[PDB]
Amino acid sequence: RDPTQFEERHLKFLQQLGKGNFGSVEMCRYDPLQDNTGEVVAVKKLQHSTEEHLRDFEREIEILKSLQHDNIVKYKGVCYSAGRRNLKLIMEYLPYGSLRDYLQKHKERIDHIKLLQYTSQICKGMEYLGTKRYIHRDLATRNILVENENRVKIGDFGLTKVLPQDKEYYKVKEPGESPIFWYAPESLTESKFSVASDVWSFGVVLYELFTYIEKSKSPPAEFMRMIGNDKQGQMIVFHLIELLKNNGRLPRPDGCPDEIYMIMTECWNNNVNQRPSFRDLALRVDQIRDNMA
């Protein structure tokens, strides 16, 4: 038996782990003995599995299968349906859930030492991703998972793209739902995505962490306040571009160490080439952890 080949009729629904546009993730027991002793796994599937969606999903699956890192969720295998060949991605189950939910739950009971451990791990997962010339395009605390108190992993790759051989950016021609409040300026203006725009987004994740996911302080809430809550639809993007151009930025989170705030603001450079590298961010964060401890 090839253990990466999962028979769908043996997957028992336990609970839903998340849903949105395109897909959902469910906690399931893979229980071929049918006695409730099988392994519990995470199962990602498509809500709307059109030809185009399935094509993208299969690339996503290949991306995840190609990544082996302590801070990247583990690929376990796939399901194929008969006939139209619907696909399910089977992953390890990380029982503490998303980092967004975890931090929202425990708040300041997670101390700065812990937050920086998570930061370093996110940085390392991202640096590793970049070595494979993959661009994540969706880095947010909702996409990061908690294995245990001491380890987080990047948990979703639904928007991940491979760079063209001869280019250092990927251009999206027809944008779908876009997490615009995590986007670099050049992603908003030109739909250009690169390691450097992933670094911009990482700065936003660092902000999320240090606000402890306080809803009033969320990137959407803050940017909307800065451009005006009256702005709607496409005018949000117009005003956001103008704001960023003029160095409008998320504020320093309350109680945030200065060295950490400085990292955020460096990630949020309008000049793409001046943004730090993930290799350097991981070094810098580990040094800060070292100084604290």
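Each residue number is its position in the shown sequence, starting from 1. Heads up, when I say rigid core I mean the largest set of C-alphas that superpose within 1.5 Å between the two forms.
Item to check | More variable segment, 215-223 or 198-206 [Cα RMS over structures in 7 other deposited structures of this protein, core-superposed] | outcome: Stretch with the larger root mean square C-alpha distance in 7 other deposited structures of this protein: 215-223.
Next on the checklist: If the other structures are each fit on the rigid core, which stretch ends up farther away in C-alpha terms in 7 other deposited structures of this protein, 112-120 or 151-159?
Outcome noted: When 112-120 and 151-159 are compared in 7 other deposited structures of this protein, 151-159 lies farther out.
Next on the checklist: Tell me whether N273 is absent from the model in at least one third of the other entries compared, counting only those where the residues either side are present.
Outcome noted: No, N273 has coordinates in all the other entries compared.
Next on the checklist: When the other structures of this protein are compared, and only where the residues around it are present, is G125 absent from a third or more of them?
Outcome noted: Comparison shows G125 kept in all of the other entries.
Item to check | 121-129 versus 142-150 - which carries the larger mean C-alpha B factor in the record | outcome: It is 142-150 that shows the higher mean C-alpha B-factor.
Checklist entry - Between 204-212 and 167-175, which has the higher average C-alpha B-factor in the PDB entry? => result The recorded data point to 167-175.
Item to check | Highest recorded Cα temperature factor - choice among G155, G97, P185, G83 | outcome: Spelled out: the listed residue with the top C-alpha B-factor is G83.
Next on the checklist: Out of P32, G228, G248, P253, whose C-alpha atom has the biggest B factor in the entry?
Outcome noted: Comparing C-alpha B-factors across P32, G228, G248, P253, the maximum falls on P32.
Checklist entry - Considering only modelled residues of the same chain, in which third does the CA B-factor of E222 rank: lowest, middle or highest? => result As the PDB entry reports it, the C-alpha B-factor of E222 lands in the middle third of its chain.
Checklist entry - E51's Cα B-factor: lowest, middle or highest third of the chain? => result Its C-alpha B-factor, which the entry lists for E51, ranks in the highest third among residues of this chain.
Item to check | Record-listed C-alpha B factor of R279: chain third | outcome: Tercile = middle for this residue's CA B-factor.
Checklist entry - Which third, lowest, middle or highest, does the CA B-factor of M91 fall in along this chain? => result It belongs to the middle third of the chain when residues are ordered by C-alpha B-factor.
Item to check | Third of the chain's Cα B-factor distribution that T265 belongs to, per the entry | outcome: For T265, the deposited C-alpha B-factor lands in the middle third.
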